[PDB]
Structures are given as structure tokens and as C-alpha cells.
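With TSV, C-alpha atoms and all ligand atoms inside, this is entry-v9.tsv:
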chain	number	residue	atom	x	y	z
A	2	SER	CA	182.53	126.39	124.37
A	3	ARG	CA	180.34	123.30	124.88
A	4	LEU	CA	177.73	122.47	127.52
A	5	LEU	CA	177.54	119.07	129.23
A	6	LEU	CA	174.30	117.16	128.62
A	7	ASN	CA	172.85	114.69	131.15
A	8	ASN	CA	173.93	111.84	128.85
A	9	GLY	CA	177.60	112.80	129.03
A	10	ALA	CA	177.85	114.37	125.56
A	11	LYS	CA	179.04	117.92	124.98
A	12	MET	CA	176.79	120.26	123.03
A	13	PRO	CA	178.33	123.25	121.18
A	14	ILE	CA	176.94	126.46	122.65
A	15	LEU	CA	176.67	127.95	119.14
A	16	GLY	CA	174.70	126.29	116.37
A	17	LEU	CA	173.35	127.13	112.93
A	18	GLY	CA	169.58	127.21	112.51
A	19	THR	CA	167.98	126.10	109.23
A	20	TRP	CA	164.33	127.15	109.40
A	21	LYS	CA	163.45	129.27	106.34
A	22	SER	CA	166.78	128.44	104.70
A	23	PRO	CA	166.03	127.65	101.01
A	24	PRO	CA	166.95	124.17	99.70
A	25	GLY	CA	169.10	125.88	97.08
A	26	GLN	CA	171.03	127.90	99.69
A	27	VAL	CA	171.28	125.77	102.86
A	28	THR	CA	173.88	123.30	101.49
A	29	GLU	CA	176.31	126.13	100.81
A	30	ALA	CA	175.31	127.77	104.07
A	31	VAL	CA	176.12	124.65	106.12
A	32	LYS	CA	179.35	124.10	104.15
A	33	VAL	CA	180.54	127.64	104.94
A	34	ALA	CA	179.36	127.28	108.56
A	35	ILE	CA	181.48	124.14	109.04
A	36	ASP	CA	184.58	125.80	107.53
A	37	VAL	CA	184.05	128.87	109.73
A	38	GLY	CA	183.93	126.68	112.81
A	39	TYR	CA	180.32	125.64	113.48
A	40	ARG	CA	179.93	122.07	114.78
A	41	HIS	CA	176.23	122.20	115.69
A	42	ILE	CA	173.38	122.33	113.13
A	43	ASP	CA	169.71	122.62	114.14
A	44	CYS	CA	167.36	120.73	111.81
A	45	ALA	CA	163.73	119.60	111.50
A	46	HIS	CA	161.62	117.55	109.09
A	47	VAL	CA	159.00	120.30	108.81
A	48	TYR	CA	161.72	122.67	107.53
A	49	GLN	CA	161.65	120.67	104.27
A	50	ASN	CA	165.42	120.97	103.70
A	51	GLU	CA	167.18	118.19	105.64
A	52	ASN	CA	168.20	116.37	102.45
A	53	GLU	CA	170.08	119.49	101.33
A	54	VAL	CA	171.54	120.06	104.81
A	55	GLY	CA	172.69	116.45	104.62
A	56	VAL	CA	174.53	117.09	101.34
A	57	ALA	CA	176.69	119.72	103.03
A	58	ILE	CA	177.48	117.46	105.98
A	59	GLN	CA	178.56	114.52	103.78
A	60	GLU	CA	180.87	116.73	101.70
A	61	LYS	CA	182.63	118.01	104.83
A	62	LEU	CA	182.94	114.52	106.31
A	63	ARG	CA	184.38	113.39	102.96
A	64	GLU	CA	186.75	116.39	102.89
A	65	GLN	CA	187.77	115.41	106.45
A	66	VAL	CA	187.31	118.99	107.66
A	67	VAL	CA	185.47	117.32	110.51
A	68	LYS	CA	184.88	113.83	111.88
A	69	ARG	CA	181.31	112.72	112.64
A	70	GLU	CA	182.04	112.78	116.39
A	71	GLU	CA	182.95	116.47	116.17
A	72	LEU	CA	179.51	117.38	114.80
A	73	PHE	CA	176.36	117.77	116.88
A	74	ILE	CA	173.29	117.28	114.69
A	75	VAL	CA	169.81	118.11	115.98
A	76	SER	CA	166.40	117.31	114.52
A	77	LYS	CA	162.78	117.20	115.66
A	78	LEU	CA	159.72	114.94	115.54
A	79	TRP	CA	156.83	116.76	113.87
A	80	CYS	CA	153.34	116.94	115.44
A	81	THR	CA	151.75	114.58	112.91
A	82	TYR	CA	154.03	111.73	114.08
A	83	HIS	CA	153.19	111.55	117.79
A	84	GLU	CA	151.62	108.08	117.53
A	85	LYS	CA	153.64	105.23	119.09
A	86	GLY	CA	153.96	103.50	115.73
A	87	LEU	CA	154.96	106.59	113.73
A	88	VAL	CA	157.93	107.83	115.81
A	89	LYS	CA	160.68	105.45	114.64
A	90	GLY	CA	159.46	105.99	111.09
A	91	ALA	CA	159.77	109.77	111.34
A	92	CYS	CA	163.25	109.54	112.91
A	93	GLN	CA	164.44	107.20	110.13
A	94	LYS	CA	163.18	109.52	107.36
A	95	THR	CA	165.26	112.30	108.89
A	96	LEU	CA	168.32	110.06	109.23
A	97	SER	CA	168.01	109.18	105.51
A	98	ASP	CA	167.69	112.78	104.31
A	99	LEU	CA	170.61	113.90	106.50
A	100	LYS	CA	172.54	110.79	105.41
A	101	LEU	CA	173.56	109.84	108.97
A	102	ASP	CA	173.12	106.68	111.06
A	103	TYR	CA	172.46	108.48	114.32
A	104	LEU	CA	171.39	111.87	115.61
A	105	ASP	CA	173.06	113.60	118.55
A	106	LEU	CA	169.76	115.05	119.77
A	107	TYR	CA	166.15	114.36	118.75
A	108	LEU	CA	163.43	116.73	120.00
A	109	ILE	CA	159.65	116.52	120.25
A	110	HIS	CA	159.09	119.67	118.17
A	111	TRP	CA	155.83	120.80	119.85
A	112	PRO	CA	153.78	119.18	122.64
A	113	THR	CA	150.65	119.23	120.45
A	114	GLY	CA	149.90	116.12	118.41
A	115	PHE	CA	148.00	116.59	115.15
A	116	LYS	CA	146.00	114.06	113.14
A	117	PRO	CA	148.50	111.82	111.27
A	118	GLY	CA	148.66	112.41	107.53
A	119	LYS	CA	150.33	114.25	104.68
A	120	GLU	CA	149.43	117.77	105.87
A	121	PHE	CA	151.88	119.21	108.42
A	122	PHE	CA	148.98	121.26	109.80
A	123	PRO	CA	145.81	119.16	109.25
A	124	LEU	CA	142.61	121.22	109.14
A	125	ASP	CA	138.82	120.63	109.26
A	129	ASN	CA	141.58	125.00	112.65
A	130	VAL	CA	143.99	122.08	113.22
A	131	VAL	CA	142.72	118.53	113.80
A	132	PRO	CA	144.31	117.07	116.94
A	133	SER	CA	145.39	113.56	117.83
A	134	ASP	CA	144.13	111.88	121.02
A	135	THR	CA	147.74	111.00	121.91
A	136	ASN	CA	149.42	112.53	124.93
A	137	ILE	CA	152.94	113.67	125.84
A	138	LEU	CA	153.83	110.62	127.97
A	139	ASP	CA	153.04	108.04	125.27
A	140	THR	CA	155.10	110.01	122.74
A	141	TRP	CA	158.00	110.26	125.20
A	142	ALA	CA	158.04	106.50	125.69
A	143	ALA	CA	158.38	106.18	121.89
A	144	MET	CA	161.29	108.66	121.92
A	145	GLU	CA	163.00	106.59	124.64
A	146	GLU	CA	162.95	103.54	122.33
A	147	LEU	CA	164.96	105.49	119.74
A	148	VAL	CA	167.78	105.74	122.32
A	149	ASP	CA	167.63	102.02	123.17
A	150	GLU	CA	167.83	101.16	119.45
A	151	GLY	CA	170.78	103.49	118.85
A	152	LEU	CA	169.12	105.90	116.42
A	153	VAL	CA	169.66	108.96	118.63
A	154	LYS	CA	172.19	109.71	121.38
A	155	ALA	CA	169.83	111.90	123.36
A	156	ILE	CA	166.20	112.98	123.37
A	157	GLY	CA	164.59	116.27	124.29
A	158	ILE	CA	161.62	118.60	124.07
A	159	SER	CA	160.77	121.95	122.47
A	160	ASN	CA	158.17	124.58	123.37
A	161	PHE	CA	157.18	122.67	126.53
A	162	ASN	CA	155.90	124.70	129.48
A	163	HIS	CA	157.09	123.88	133.02
A	164	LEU	CA	153.98	121.79	133.73
A	165	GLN	CA	154.55	119.71	130.60
A	166	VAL	CA	158.22	119.32	131.53
A	167	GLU	CA	157.08	118.27	135.03
A	168	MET	CA	154.71	115.70	133.53
A	169	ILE	CA	157.64	113.94	131.82
A	170	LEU	CA	159.86	114.19	134.91
A	171	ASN	CA	157.19	112.55	137.07
A	172	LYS	CA	156.46	109.83	134.52
A	173	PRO	CA	156.20	106.33	136.10
A	174	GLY	CA	159.10	104.28	134.80
A	175	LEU	CA	160.91	107.29	133.33
A	176	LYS	CA	164.01	105.88	131.62
A	177	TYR	CA	165.57	108.88	129.87
A	178	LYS	CA	165.36	112.44	131.18
A	179	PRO	CA	164.86	115.25	128.62
A	180	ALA	CA	168.37	116.49	127.78
A	181	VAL	CA	167.26	119.82	126.28
A	182	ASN	CA	164.21	122.10	126.10
A	183	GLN	CA	164.48	124.38	123.06
A	184	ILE	CA	162.40	127.52	123.43
A	185	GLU	CA	162.04	131.02	121.98
A	186	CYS	CA	164.34	133.45	123.78
A	187	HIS	CA	165.70	136.96	123.17
A	188	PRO	CA	165.50	140.43	124.83
A	189	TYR	CA	161.73	140.72	124.13
A	190	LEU	CA	160.89	137.30	125.64
A	191	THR	CA	163.49	136.68	128.35
A	192	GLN	CA	161.91	133.49	129.76
A	193	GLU	CA	163.52	133.95	133.18
A	194	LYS	CA	161.14	131.57	134.97
A	195	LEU	CA	161.16	128.65	132.51
A	196	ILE	CA	164.95	128.92	132.10
A	197	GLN	CA	165.40	128.99	135.89
A	198	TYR	CA	163.09	125.97	136.11
A	199	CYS	CA	164.79	123.89	133.40
A	200	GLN	CA	168.31	124.70	134.57
A	201	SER	CA	167.44	123.58	138.12
A	202	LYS	CA	166.42	120.18	136.69
A	203	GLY	CA	169.63	119.54	134.70
A	204	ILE	CA	167.95	120.35	131.40
A	205	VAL	CA	169.97	122.47	128.95
A	206	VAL	CA	168.10	125.36	127.37
A	207	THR	CA	168.53	126.23	123.70
A	208	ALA	CA	167.33	129.69	122.63
A	209	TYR	CA	165.78	129.91	119.18
A	210	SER	CA	164.88	133.06	117.21
A	211	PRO	CA	167.74	134.91	119.04
A	212	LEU	CA	167.54	137.86	116.65
A	213	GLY	CA	163.75	137.98	116.78
A	214	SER	CA	163.39	136.00	113.53
A	215	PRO	CA	163.24	139.05	111.19
A	216	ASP	CA	162.39	136.79	108.22
A	217	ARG	CA	159.41	135.03	109.83
A	218	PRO	CA	156.60	134.17	107.32
A	219	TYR	CA	153.92	136.06	109.26
A	220	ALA	CA	155.63	139.51	108.97
A	223	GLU	CA	153.99	147.36	112.89
A	224	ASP	CA	156.05	144.61	114.56
A	225	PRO	CA	159.03	145.31	116.90
A	226	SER	CA	162.57	144.75	115.62
A	227	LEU	CA	165.39	143.61	117.90
A	228	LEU	CA	168.20	144.23	115.41
A	229	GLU	CA	166.94	147.81	115.02
A	230	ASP	CA	166.40	148.56	118.74
A	231	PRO	CA	168.39	151.78	119.53
A	232	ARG	CA	169.05	150.66	123.11
A	233	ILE	CA	170.64	147.44	121.88
A	234	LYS	CA	172.56	149.26	119.16
A	235	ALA	CA	174.17	151.44	121.85
A	236	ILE	CA	175.41	148.38	123.78
A	237	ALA	CA	176.86	146.97	120.56
A	238	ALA	CA	178.69	150.22	119.70
A	239	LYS	CA	180.33	150.33	123.13
A	240	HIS	CA	181.85	146.89	122.50
A	241	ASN	CA	182.55	147.68	118.82
A	242	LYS	CA	180.39	144.69	117.82
A	243	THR	CA	177.24	144.44	115.71
A	244	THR	CA	173.79	144.17	117.33
A	245	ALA	CA	173.60	140.55	116.11
A	246	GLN	CA	176.81	139.61	117.96
A	247	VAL	CA	175.40	141.18	121.15
A	248	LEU	CA	172.07	139.37	120.71
A	249	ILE	CA	173.94	136.09	120.20
A	250	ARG	CA	176.35	136.70	123.10
A	251	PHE	CA	173.36	137.52	125.35
A	252	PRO	CA	172.01	133.93	125.74
A	253	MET	CA	175.53	132.47	125.83
A	254	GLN	CA	176.26	134.34	129.07
A	255	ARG	CA	172.97	133.02	130.48
A	256	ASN	CA	174.41	129.51	129.88
A	257	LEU	CA	172.07	128.82	126.98
A	258	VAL	CA	172.82	127.21	123.64
A	259	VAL	CA	172.04	129.65	120.81
A	260	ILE	CA	171.18	128.78	117.21
A	261	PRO	CA	171.03	131.89	114.94
A	262	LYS	CA	169.86	131.22	111.37
A	263	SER	CA	171.63	132.57	108.29
A	264	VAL	CA	172.25	131.63	104.67
A	265	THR	CA	174.66	134.53	104.11
A	266	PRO	CA	178.41	133.65	104.31
A	267	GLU	CA	179.45	137.00	105.81
A	268	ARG	CA	176.72	136.92	108.47
A	269	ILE	CA	177.47	133.25	109.25
A	270	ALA	CA	181.10	134.25	109.84
A	271	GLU	CA	180.09	137.37	111.78
A	272	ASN	CA	177.78	135.33	114.04
A	273	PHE	CA	180.75	133.13	114.91
A	274	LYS	CA	182.89	136.00	116.24
A	275	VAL	CA	181.15	136.01	119.61
A	276	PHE	CA	183.80	134.37	121.81
A	277	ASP	CA	186.31	137.26	121.98
A	278	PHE	CA	184.20	139.71	124.01
A	279	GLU	CA	182.11	139.83	127.16
A	280	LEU	CA	178.95	141.76	128.02
A	281	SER	CA	179.20	143.43	131.45
A	282	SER	CA	176.75	142.38	134.20
A	283	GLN	CA	175.19	145.80	133.64
A	284	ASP	CA	174.72	145.11	129.91
A	285	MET	CA	173.02	141.82	130.84
A	286	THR	CA	170.62	143.31	133.42
A	287	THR	CA	169.73	146.03	130.92
A	288	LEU	CA	169.02	143.49	128.15
A	289	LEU	CA	166.78	141.55	130.57
A	290	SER	CA	164.77	144.69	131.39
A	291	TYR	CA	163.68	144.90	127.73
A	292	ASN	CA	161.27	141.99	128.23
A	293	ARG	CA	157.78	142.50	126.74
A	294	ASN	CA	156.60	138.86	126.63
A	295	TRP	CA	156.50	138.99	122.80
A	296	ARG	CA	156.47	135.70	120.91
A	297	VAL	CA	157.41	135.06	117.28
A	298	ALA	CA	156.13	131.48	117.53
A	299	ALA	CA	152.83	131.34	119.38
A	300	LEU	CA	151.16	128.50	117.44
A	301	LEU	CA	148.02	130.55	116.86
A	302	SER	CA	146.20	127.71	115.10
A	303	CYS	CA	146.47	125.41	118.13
A	304	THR	CA	145.05	127.85	120.68
A	305	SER	CA	142.32	125.37	121.70
A	306	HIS	CA	144.44	122.19	121.54
A	307	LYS	CA	144.42	120.24	124.81
A	308	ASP	CA	148.22	120.50	124.93
A	309	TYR	CA	148.68	124.14	123.89
A	310	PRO	CA	151.82	125.12	125.90
A	311	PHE	CA	151.31	128.88	126.12
A	312	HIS	CA	148.21	129.13	128.37
A	313	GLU	CA	150.26	128.79	131.57
A	314	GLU	CA	152.61	131.62	132.63
A	315	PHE	CA	155.73	129.53	132.00
B	401	LIG	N1	162.00	124.49	117.94
B	401	LIG	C1	161.21	125.37	117.35
B	401	LIG	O1	160.00	125.35	117.43
B	401	LIG	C2	161.88	126.48	116.55
B	401	LIG	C3	161.15	127.57	116.10
B	401	LIG	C4	161.75	128.59	115.36
B	401	LIG	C5	163.10	128.50	115.06
B	401	LIG	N2	163.84	127.40	115.50
B	401	LIG	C6	165.28	127.21	115.19
B	401	LIG	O2	165.94	128.40	115.60
B	401	LIG	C7	166.67	128.88	114.47
B	401	LIG	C8	166.86	130.39	114.60
B	401	LIG	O3	165.62	131.10	114.72
B	401	LIG	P1	164.94	131.89	113.49
B	401	LIG	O4	165.22	131.24	112.18
B	401	LIG	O5	163.53	132.10	113.86
B	401	LIG	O6	165.66	133.35	113.35
B	401	LIG	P2	166.87	134.27	113.87
B	401	LIG	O7	168.14	133.53	113.95
B	401	LIG	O8	166.40	135.01	115.04
B	401	LIG	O9	166.96	135.24	112.62
B	401	LIG	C9	167.18	134.72	111.30
B	401	LIG	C10	167.16	135.95	110.40
B	401	LIG	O10	168.11	136.89	110.90
B	401	LIG	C11	168.98	137.29	109.82
B	401	LIG	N3	170.35	137.43	110.35
B	401	LIG	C12	171.22	136.44	110.67
B	401	LIG	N4	172.41	136.95	111.02
B	401	LIG	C13	172.24	138.26	110.92
B	401	LIG	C14	173.22	139.23	111.08
B	401	LIG	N5	174.42	138.95	111.58
B	401	LIG	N6	172.86	140.50	110.82
B	401	LIG	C15	171.61	140.82	110.46
B	401	LIG	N7	170.68	139.89	110.31
B	401	LIG	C16	170.97	138.60	110.51
B	401	LIG	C17	168.92	136.19	108.79
B	401	LIG	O11	169.14	136.67	107.45
B	401	LIG	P3	169.91	135.76	106.38
B	401	LIG	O12	169.55	134.36	106.67
B	401	LIG	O13	169.32	136.27	105.14
B	401	LIG	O14	171.33	136.11	106.62
B	401	LIG	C18	167.49	135.74	108.95
B	401	LIG	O15	166.75	136.70	108.22
B	401	LIG	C19	165.83	128.44	113.29
B	401	LIG	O16	166.46	128.54	112.01
B	401	LIG	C20	165.54	127.03	113.71
B	401	LIG	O17	166.72	126.28	113.52
B	401	LIG	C21	163.23	126.40	116.25
B	402	LIG	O1	157.86	125.31	114.39
B	402	LIG	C1	158.96	125.69	113.94
B	402	LIG	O2	160.04	125.19	114.29
B	402	LIG	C2	159.02	126.81	112.92
B	402	LIG	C3	157.67	127.24	112.41
B	402	LIG	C4	157.12	126.63	111.28
B	402	LIG	CL1	157.91	125.23	110.55
B	402	LIG	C5	155.95	127.13	110.73
B	402	LIG	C6	155.32	128.23	111.30
B	402	LIG	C7	155.87	128.84	112.42
B	402	LIG	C8	157.04	128.35	112.98
B	402	LIG	CL2	157.68	129.07	114.46
The structure in this file should be written as C-alpha cells.
Amino acid sequence: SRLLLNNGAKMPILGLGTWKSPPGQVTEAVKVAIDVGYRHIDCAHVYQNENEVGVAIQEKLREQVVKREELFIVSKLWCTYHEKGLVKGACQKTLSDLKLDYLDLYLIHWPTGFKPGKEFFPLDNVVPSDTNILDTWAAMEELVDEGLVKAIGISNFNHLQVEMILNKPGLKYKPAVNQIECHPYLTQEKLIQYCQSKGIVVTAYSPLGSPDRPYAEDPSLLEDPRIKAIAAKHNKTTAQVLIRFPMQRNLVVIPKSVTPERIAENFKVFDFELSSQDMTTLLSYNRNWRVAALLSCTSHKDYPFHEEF
């Protein structure tokens, strides 16, 4: 139920996402998640709720429901902190809000660096930084040497950007994970095949198609009749099928939910198996549709989505 990372740690295949989870609902959501059995929580500074996520974690550690070593906490470095001197500072802010002394995994959220400041998305659309991916990676590597994070990774990096880090002169720490958008409408067969051949674990975000995305005629995965049929045959819900889908592709999945019953439902995905036919069918539903396309950074020198994969 856990995947081995290149650093020797074991990462729980199922995690709870926290993007869009209200500050007044995520503490209770994480508390319930931990009781239900979740041991992996996906976080990020830009989500503006790590302090509240941290409240839930501390309560459970205090209750002794779990030990710190049983939990796998993940967070990400936002685009406005790509400078060499701003990385440790961003990581420490997150550690304070979460009320932890170390993170299990720290990811470079997006390959695009923005102008450092108060705005998460600085504008003039989007002011870039002259920093590059290799300089930021070297700063991430220092976080490991100082003991702030157990492992470092990337997110939304295309194969060429992943290659750039892998061929870095004096590369000390290899990216442990590449978190990307993945579901039946954006299968990512090529990037997943690429990352998995390099010992990099793939985490699939927006597994249900992110039905509550801020940007709202759009296609719905949870409402797809073809996927509802597969779910009925296994007597499961379409969400459990959509969550079981990446698991059988050897991917870590992090569905988001602030609803106790759905959080519990999303956990009941270990007692069934999708046939090889069900899998091939789900893969054929690919349309190359993205929920997160970073539209504002279309002309950024490091925009990841111009290459095929
Ligand atoms: N690295 C990145 O750039 C990046 C980008 C996007 C997301 N992520 C991470 O990936 C996580 C998951 O992706 P996501 O938030 O985009 O969305 P998602 O998990 O695809 O979908 C979340 C939505 O699905 C609903 N849902 C959850 N369980 C359901 C169920 N069993 N039945 C019906 N509906 C259900 C939730 O409603 P309720 O919450 O109301 O139950 C919420 O509206 C994020 O929270 C974040 O941690 C990372
Ligand atoms: O970048 C993320 O993780 C989530 C995200 C944010 Cl914070 C804002 C707009 C779109 C998306 Cl996909």
C-alpha cells in the first residue's frame, strides 16, 4: 500500500489533497482522514490553509492515533520563491504553519519562476523571474542537507525539464517524485512511462477531474456514462473507480475532499480490482484535457506544456 522512493522512504499510495479546502473545514477533514486511515496529506503554501492542516496533524499526534513517522506530509515551493536566497525561507514558513520540524517530501510546485513579492501571481500577464530550474534545484538540495525535508521533487515538469535536472552537473539528489495532472481525460502515458523508467514516482492530481475548480460546457468525469458502467459492474462508485485507476498504474493518488462520508468512501479502494479490460478502456478515454494549464504563463520561458510530454 506504499511505494518505495529513491531515498528509501515509503510513500502511501493514497493521500488527501487540500487545494480548495476551506480553512474552516480542512482541520476537521484531515482529522477524519487520519482516523479513517489516511497517512499521506498533500499540502502547499499557495493553498493558504497549511496552518489549519497543521492543527489537525498536531491533535492526532497528541491523541497518539499516529506517530510522526507513520505520516507522510507533502508541500510545495511556490513560484515566487525560486531565488536561491528565498527557498529555505519558504520551506521554513510551511514547516511553521504545519507545526512540524521536517517534511517528508518538498516539491517545486511549477517550473516557472515569478517575480518575488507578495502577489502569488505578479502582474504588469505574469512577471517572470530570470532564475532557472537548475539554480532552484540546487537550493532544494540544500534543504535535504540541512534536514528540513527528507526528499525533494518536482511538479508539472515536462520530460525535457525532468531531463535537465537529471543531466545537471554535480547532481546530488535525484527528484523523488513528479506530481502531475492525471485521470481518464489526460492519461499521460508518455510522461508516466518516462518518469517511471528513471526511478521517479508519479503522483496523479485532480484524479476526479477537479469538479470544484475555480475556473468552472466542460466535461465531467464523475458523470461519464462509460465510467459509471464500469463502477456499477464492480458495485463501487465512479469516484472509487477513478481513484483505483491510477493505483493500478503504480501511481500515488491524492483525491481532495472536505466531506467525511466521501473521505471514507475514497478510502475503500483496496478491496477490489479493475480488470485489464477495464484499464485499457479507461485509457482509451484520453482527450488531452487539462484542468491546470497555467494559462497566464503561456509565454513564460519555462512554460511546461508546449512540448508533447
Ligand atoms: N501540484 C499541483 O500543481 C496540483 C494542482 C492541482 C491539485 N493538486 C493536488 O491534488 C489534489 C486533488 O486534485 P483536485 O483538488 O484538483 O480535485 P479532485 O480530487 O479531482 O476533486 C476534488 C473535488 O471532487 C469532489 N469529490 C471528492 N470525493 C468525491 C466523491 N467520492 N464523490 C463525488 N465527488 C467527490 C470534492 O468535493 P468535496 O470536497 O466537497 O467532497 C471536490 O469537489 C488537490 O487538492 C491538491 O492537493 C496539485
Ligand atoms: O497550482 C496548484 O496547485 C493549484 C492551482 C492554484 Cl493554487 C490556482 C489556480 C489553478 C491551480 Cl491548478
Inset, instruction - Enter the distance from atom CA of residue 134 of chain A to atom CA of residue 167 of chain A, in Å, rounded to one decimal. - result: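 Interatomic distance here is 20.1 Å.
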Legend entry - Among the residues A:186, A:180, A:285, A:238, the one that comes closest to residue 11 of chain A [using all atoms listed in the file]: A:180
Inset, instruction - Give the residues close to ligand LIG 401 (chain B), within 9 Å, counting only C-alpha atoms and all ligand atoms; write them as a ChimeraX atom specification. - result: /A:16-22,42-45,48,77,108-111,158-160,182-185,187,207-217,228,243-246,249,259-272,297-298
Legend entry - Selection: 9 Å around residue 14 of chain A, only C-alpha atoms, excl. self and same-chain fewer than 5 positions, as a VMD selection string: chain A and resid 2 to 4 41 207 253 256 to 260
Legend entry - Nearest to ligand LIG 402 (chain B) by atom-to-atom distance, counting only C-alpha atoms and all ligand atoms, from A:83, A:32, A:46, A:94: A:46
Legend entry - Distance of atom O2 of ligand LIG 402 (chain B) from atom CA of residue 67 of chain A, expressed in Å to one decimal place: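 We find that atom CA of residue 67 of chain A and atom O2 of ligand LIG 402 (chain B) lie 26.9 Å from each other.
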Inset, instruction - Have a look at atom CA of residue 129 of chain A and atom CA of residue 195 of chain A and let me know their distance in Å, one decimal. - result: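 Atom CA of residue 129 of chain A sits 28.1 Å away from atom CA of residue 195 of chain A.
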Inset, instruction - Would you kindly return, as an MDAnalysis selection string, each protein, DNA or RNA residue with an atom no farther than 10 Å from any atom of residue 92 of chain A, considering only C-alpha atoms and excluding same-chain residues fewer than 4 positions away? - result: chainID A and resid 46 76:79 82 87:88 96:97 103:104 107 144 147 152:153
Legend entry - Given all atoms listed in the file as the counted atoms, nearest of A:35, A:155, A:237, A:190 to residue 177 of chain A: A:155
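Among A:124, A:59, A:154, A:303, the residue with the shortest atom-to-atom distance to residue 28 of chain A, counting all atoms listed in the file, is A:59.
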Inset, instruction - List the neighbours of residue 291 of chain A out to 10 Å using only C-alpha atoms; skip same-chain residues closer than 4 positions along the sequence, and give me the result as a list in words. - result: residues 187, 188, 189, 190, 191, 232, 233, 286 and 287 of chain A
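The residue that comes closest to residue 37 of chain A, out of A:200, A:178, A:310, A:273 and on the basis of only C-alpha atoms, is A:273.
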Edge lengths and centre in Å, axis-aligned, segment 164-172 of chain A plus 6 Å each side, as AutoDock Vina command-line options:
--center_x 156.9 --center_y 115.8 --center_z 133.8 --size_x 17.9 --size_y 24.0 --size_z 18.5
